[PDB]
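1. got a sequence here, can you model it:
(chains A, B, C, D and E)
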Amino acid sequence: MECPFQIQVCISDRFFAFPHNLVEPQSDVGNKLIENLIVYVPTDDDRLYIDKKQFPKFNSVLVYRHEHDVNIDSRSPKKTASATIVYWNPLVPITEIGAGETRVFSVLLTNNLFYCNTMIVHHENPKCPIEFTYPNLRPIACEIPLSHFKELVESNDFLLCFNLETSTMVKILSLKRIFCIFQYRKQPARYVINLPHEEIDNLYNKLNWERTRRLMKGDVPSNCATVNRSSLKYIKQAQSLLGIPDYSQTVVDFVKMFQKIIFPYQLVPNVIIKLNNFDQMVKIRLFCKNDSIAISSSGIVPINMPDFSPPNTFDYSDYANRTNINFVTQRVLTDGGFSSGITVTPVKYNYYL
Amino acid sequence: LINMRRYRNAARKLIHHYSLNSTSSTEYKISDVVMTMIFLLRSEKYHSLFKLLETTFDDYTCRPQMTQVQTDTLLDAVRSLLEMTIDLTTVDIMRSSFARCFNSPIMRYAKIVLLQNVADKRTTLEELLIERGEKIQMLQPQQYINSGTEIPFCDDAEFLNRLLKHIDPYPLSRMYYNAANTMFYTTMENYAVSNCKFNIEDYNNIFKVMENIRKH
Amino acid sequence: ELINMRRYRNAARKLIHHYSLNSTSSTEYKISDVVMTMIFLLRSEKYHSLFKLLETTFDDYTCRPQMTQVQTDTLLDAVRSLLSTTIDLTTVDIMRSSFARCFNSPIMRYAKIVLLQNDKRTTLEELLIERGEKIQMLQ
Amino acid sequence: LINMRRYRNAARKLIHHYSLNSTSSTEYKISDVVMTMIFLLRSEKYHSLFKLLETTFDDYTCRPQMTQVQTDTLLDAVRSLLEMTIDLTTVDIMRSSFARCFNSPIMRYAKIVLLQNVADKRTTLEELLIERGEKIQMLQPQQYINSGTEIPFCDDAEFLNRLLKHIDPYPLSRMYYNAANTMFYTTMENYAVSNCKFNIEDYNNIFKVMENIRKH
Amino acid sequence: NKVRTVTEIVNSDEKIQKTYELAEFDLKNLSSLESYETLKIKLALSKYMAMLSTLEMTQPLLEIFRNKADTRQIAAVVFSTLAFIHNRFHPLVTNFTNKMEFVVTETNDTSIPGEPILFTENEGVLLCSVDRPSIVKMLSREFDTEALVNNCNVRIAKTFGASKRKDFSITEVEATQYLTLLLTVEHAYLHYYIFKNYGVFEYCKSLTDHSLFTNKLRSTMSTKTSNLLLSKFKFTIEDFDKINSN
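-> Numbers count the residues shown, from 1 in each chain, chains lettered A, B, ... in the order given. Let me share the structure:
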């Protein structure tokens, strides 16, 4: 994928609402500013949230729904020197560009904009929402969050709904905008997405890839992540086994519970191990400030060393042999009076014992 | 060079049949025996089993003597080959079967035999009955239920229908064949290990009885 | 060494000579003998060509692979060295067919239970009783 | 030198007849066989087929072994020669036919035979019926029509007359001969591939039935 | 064989004769009976599986029998099977009256070939002996899920007449395991029935020779009780005559 340098993209959670102030007329080759402005939006309804009166710099303002023009190759979009072109949360390739630099504002960072040369990323202090999967909720038409803006900034229990024929990209953009609104909420808000589990998982995967793109473009890390459905099911099983009411315990706190074990016992909690495995299907390593070693799923590892020590570091032949293994297994079977379900494995060792 | 994979597959099938670990019945031939022996020779993993079978070429009416380490290695090799569990009794069964095959002459027809020469003294069913019954009476009931009780029949008719659907594509003929041959081969193994003659006549009389009850 | 190359040579020579001489029942040999011969041929690189030929004989006869004059001469020389009396590619092919048949020969197996498909008819009186009960049950 | 073109033509005709790819029937002779073999030898293009047929001079009761590349080359050569489609089944049919011809002695009269020795186990029509019917019943109808419907007869009498004129110069005798022999040869191929005996008697009984119905 | 019918009007002598070959109706009857028997047997097997599920044991059957420690579950399964067979013979019975003891042998010198499940009273109550190693061996023996088992004319006719149709852990292997267990317990139940109703000496004689089963059972079984499971097929030992001569 290639992008034309004439497009400049700014990424900011704030862009869930259109940045009227940031728009500015572009100049032609003759350095003549263009008083005509064209704003592109992903859906027709978006037009209602563009206030033409907020563009004093321009004399004429028009708004249209950006639509993939199959007749134009995005590698070289047509230019329209007669107007300044701005795209808001584009979901399809930009086939048209304005005078000077075509401006783009987006809360999402799809591949289309990923290769865009000029990338301005606004940084925010993270503020995470609460996943509240559960069958007094406040329904929210995700396609039009700004309509529910007041409720989104006031209440704390939202049922996220979508029109049947809503497109996947529209869903992704709506979710991103809602999550930005929550990022600006002082109080985290619980929400439930009225969608099939697989669809929600795919949406979360795409959002994760978008966040990865933002990081690669220089965005600040945010702990406000999301959990795949299998991971949520595992966490729920763990909480139930421990006798923890699901509504009472949040996943984040549940995981944090084992930070007391992480360092002092120099062990990786099994919950974190399982979550990492789920993400992999969709290894671990960490340390402490000034620490000389790293705790990993494999055990202790010298800092900056590979996750596994050289193969010949330790000789296990003494016990890592069929004779010893069979002897121990037979002893166990005899002592316990067992006949099946018994399995003994030699213990290997990483860098350290 | 040789198709070690095909050799291994033939060896595995032949070993299964000769160890009575598979109800599956199919034709076998000197080509298959040669496949097996060549695979065993070529495989470093199975040299011990190759040696065991090769020893069958002699009088073969003898008990091989092995260290505990040797026996464990052989059992591990066999268990890895058949992926199961197993026993040195099965080892001896294979030894006897392969010895009989090797000693048998080349024939235009397959030879149908019965397991024998497994584990010296010939014991009758009556003597086994007496001894085993005495030992059983010596034994004490590990667990018991009280009088009466009630058979726990299922109730969910929907569950029954689901199970019926799940089992419909299973051919009763194949299942019956497999079950009957499983029981027959296990009985054969028990008899051979006990060194007590197998009463083919009574084993077939079981089905004779089945038919005689059915006809009325 | 697992293989007693001398005894293996003896058995291989015995069987190969017999089948070169003739091709019939020959009710004086054993699957043990065939295994002995084949293992010998495998182990001896000299007779590796014969080994490959008989391995071909396994399963359908298929056809002798095309050999150069040098290859055929070397084959006959190796056969005679194992055996002496002169031979020819015709004898080699005949013996190859004999061994194909041997390998296709069946071996010992264990008996098994066999299912056989098996008369009586119901009476209209009992049929009527049951069916009429059903009808009374009907809606 | 040789008339490679005439040699090729004779080779093509003989190959067509021996592969049952042409209903055309004509006399053939040792001169024709020699034409064919000489053409194959001289042609660099067809060396593989020449080798295949030459191998028939031996016992010829054997399955040649070829790499996939060799088989593809042979099939390409045959298909280019006959300009058609074809199959390694046809390759084997030609091999068997030419082996029978080569092994046959010089005779004052032509030898009329039936296809055989194509693709080991002899199967009866009854066994084929059982197995094929079971597999067919397993199969599911790819497509179907509803009940009733209506045969779409044509209506344009002028169109019918035009077709009649177009077909008038076609000899019904030749068309019948060609069709009957096509069906017969395809049945022969199916039987030979299936390794099931062809019932010449019943095949002729078909025409016996035709006559018995006609006479009434 | 065959039959024929004649149609004729009372006042007229012009009669129309048609002939019928009974083979078609024979095929109809045989197919109907085969389907009915298959349905009955599958129903019984499903019922057995369902009641075992009702017992609600976490492990699968083979794992249960492999777990030597948990004699409780082995005894439960064995008794449930025995009671199920008993009821199948006496549908009005849903319990077993006298309490039952159970023991699980663990050695060849403790097991009796050919009767993995057997019975013996302690002079006050009956004890059931179980050869768990033998049960495990039977249920573990590899099964054939591929080969088929079997007049060619009627065979072809059935082939062309009958049709075919193209979340349970059960495969044909597990169904086979359940069937094998049921058959073994049925054999043991027949032994126990002969014991209870003809004395310990008769029980021992039956163990020695099962042939007595013929009379000792058919006196009551073939008349009042559902036929034996094995009744579904006629079984025979391959090369039985030559083997006997051996």
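
2. neighbours of the closest residue to residue E:20 other than its chain neighbours, how many?
-> Distances taken as C-beta to C-beta, 6 or more residues apart in numbering or on different chains place residue E:3 nearest to residue E:20, at 5.2 Å, with adjacent residues excluded. Bear in mind the C-beta positions are built from the backbone N, C-alpha and C, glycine included. By the criterion of other C-beta atoms under 10 Å in any protein chain shown, residue E:3 has 10 neighbours.

3. which residues sit in contact with residue E:3?
-> Residues near residue E:3 by C-beta atoms under 8 Å, 6 or more residues apart in numbering or on different chains: E:19, E:20, E:22.

4. the helix or strand encompassing residue E:174 vs chain B: in contact?
-> Using DSSP states H and E, the element containing residue E:174 is helix E:172-208. Yes: for helix E:172-208, a contact with chain B is found by C-beta under 8 Å from any C-beta of the partner chain, at E:172, E:175, E:176, E:179, E:180, E:183, E:184, E:187, E:204, E:207, E:208.

5. cool, and stretch E:33-43?
-> Yes: against chain B, stretch E:33-43 shows contacts by C-beta under 8 Å from any C-beta at E:38, E:41, E:42, E:43.

6. and these as CSV, adding distance to chain C, neighbour count and secondary structure?
-> CSV is the format used below for the residues of stretch E:33-43 next to chain B (distance: C-beta to the nearest C-beta, whole Å; neighbours: other C-beta atoms under 10 Å in any protein chain shown; DSSP: H, G, I helix; E, B strand; the rest coil):
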residue, distance to chain C, neighbour count, secondary structure
E:38, 13, 15, helix
E:41, 13, 17, helix
E:42, 16, 18, helix
E:43, 17, 14, helix
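
7. re the thing from before, pull out the buried residues from the residues of helix E:172-208 next to chain B.
-> Among the residues of helix E:172-208 next to chain B, those classed as buried by neighbour count (16 or more other C-beta atoms under 10 Å in any protein chain shown) are E:172, E:175, E:176, E:179, E:180, E:183, E:184, E:187, E:204, E:207.

8. and those residues as TSV, adding distance to residue A:256?
-> Supplementary listing: these in TSV, determined by distance: C-beta to C-beta, whole Å:
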residue	distance to residue A:256
E:172	49
E:175	49
E:176	51
E:179	53
E:180	53
E:183	58
E:184	56
E:187	61
E:204	71
E:207	68
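
9. which two of those residues have the greatest separation?
-> Within those, E:172 and E:204 form the most distant pair, 37.7 Å apart (C-beta to C-beta).

10. quick one: the helices in the stretch 1-150 of chain A, in order.
-> Along the stretch 1-150 of chain A, the segments classed as helices by DSSP state H, counting those that start in this stretch run A:111-114, A:149-154.

11. and residue E:101, how many neighbours?
-> Residue E:101 has 21 nearby residues by other C-beta under 10 Å.

12. residue contacts, it?
-> For residue E:101, the contact set (C-beta under 8 Å, 6+ apart) comprises B:141, B:144, E:122, E:125, E:126, E:127, E:128.

13. okay, and which of these map to strands?
-> Secondary structure from DSSP state E places B:144, E:126, E:127, E:128 of those in strands.

14. the third one: how many residues sit nearby?
-> A count of nearby residues for residue E:127, using other C-beta under 10 Å, gives 20.

15. who's in contact with residue B:195?
-> Residue B:195 is in contact with B:118, B:119, B:120, B:121, B:122, B:123, counting by C-beta under 8 Å, 6+ apart.

16. now, which of the residues of stretch E:33-43 next to chain B sits nearest chain D?
-> For those, the residue nearest chain D by C-beta to the nearest C-beta is residue E:38; the value is 16.3 Å.

17. quickly note the distance from that closest one to residue A:342.
-> The spacing between residue E:38 and residue A:342, counted by C-beta to C-beta, to the nearest Å, is 41 Å.

18. what does residue E:131 give?
-> Using C-beta to C-beta, residue E:131 is found at 21 Å from residue A:342.

19. from what I see, residue A:195 and residue A:159 are in contact.
-> No: using C-beta atoms under 8 Å, residue A:195 makes no contact with residue A:159, being 11.0 Å away.

20. all helices for chain B, in order.
-> In chain B, the helices defined using DSSP state H lie at B:4-19, B:30-42, B:47-55, B:68-82, B:88-103, B:125-138, B:157-167, B:172-194, B:200-214.

21. kindly reformat the ones you listed as CSV and extend each row with distance to chain E and mean neighbour count.
-> Output for the helices of chain B, formatted as CSV (distance: least, C-beta to the nearest C-beta, whole Å; neighbours: other C-beta atoms under 10 Å in any protein chain shown):
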stretch, distance to chain E, mean neighbour count
helix B:4-19, 6, 19
helix B:30-42, 17, 23
helix B:47-55, 19, 20
helix B:68-82, 8, 17
helix B:88-103, 9, 21
helix B:125-138, 5, 15
helix B:157-167, 4, 15
helix B:172-194, 3, 23
helix B:200-214, 4, 19
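
22. reformat the ones you listed as CSV; add distance to chain C.
-> Shown next, in CSV, are those (distance: least, C-beta to the nearest C-beta, whole Å):
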stretch, distance to chain C
helix B:4-19, 7
helix B:30-42, 4
helix B:47-55, 6
helix B:68-82, 14
helix B:88-103, 4
helix B:125-138, 20
helix B:157-167, 17
helix B:172-194, 4
helix B:200-214, 8
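
23. which residues touch residue C:21?
-> With contacts defined as C-beta under 8 Å, 6+ apart, residue C:21 has no neighbours.

24. can you give me the distance of it to residue C:87?
-> 10 Å.

25. how deep is residue 69 tucked in, by neighbour count?
-> This is for chain A. Residues lying near residue A:69 (other C-beta under 10 Å) number 15.

26. meant chain C actually
-> 7.

27. tell me how far it lies from residue B:89.
-> According to C-beta to C-beta, residue C:69 and residue B:89 sit 57 Å apart.

28. go on, residue B:29?
-> To residue B:89, residue B:29 is 27 Å away according to C-beta to C-beta.

29. longest helix in chain A, please.
-> What stands out as the longest helix in chain A, according to DSSP H, is helix A:197-216.

30. please, where are all the strands along the stretch 1-150 of chain A?
-> Assigned by DSSP state E, counting those that start in this stretch, the stretch 1-150 of chain A shows strands spanning A:7-11, A:36-41, A:60-65, A:78-79, A:84-88, A:96-97, A:102-106, A:118-121, A:130-131, A:138-141.

31. and residue E:154, which of the ones you listed is closest to it?
-> For residue E:154, the closest of these is strand A:130-131, at 66.1 Å, according to C-beta to C-beta.

32. give me the contact list for the closest one.
-> By C-beta under 8 Å, 6+ apart, the residues outside strand A:130-131 that reach it are A:188, A:189, A:190, A:191, A:226, A:227, A:232, A:250, A:251.

33. residues contacting residue C:33?
-> Counted by C-beta under 8 Å, 6+ apart, residue C:33 has contacts C:11, C:14, C:15.

34. what's the burial count for the last one?
-> This points to residue C:15. For residue C:15, the count of nearby residues is 23 (other C-beta under 10 Å).

35. that one contacts residue C:35, doesn't it?
-> No: using C-beta under 8 Å as the test, residue C:15 is too far from residue C:35 to be in contact (10.2 Å).

36. ok, and the closest non-adjacent residue to whichever residue of chain E sits closest to chain D?
-> Nearest residue of chain E to chain D, counting by C-beta to the nearest C-beta: residue E:159, 3.7 Å away. Distances taken as C-beta to C-beta, 6+ apart put residue D:133 closest to residue E:159, at 3.7 Å, once the chain neighbours are dropped.

37. ok, the one you found - contacts?
-> E:156, E:159, E:160.

38. likewise residue E:128?
-> Contacts of residue E:128 (C-beta under 8 Å, 6+ apart): E:75, E:78, E:79, E:82, E:100, E:101, E:102, E:103, E:117, E:118, E:119, E:188.
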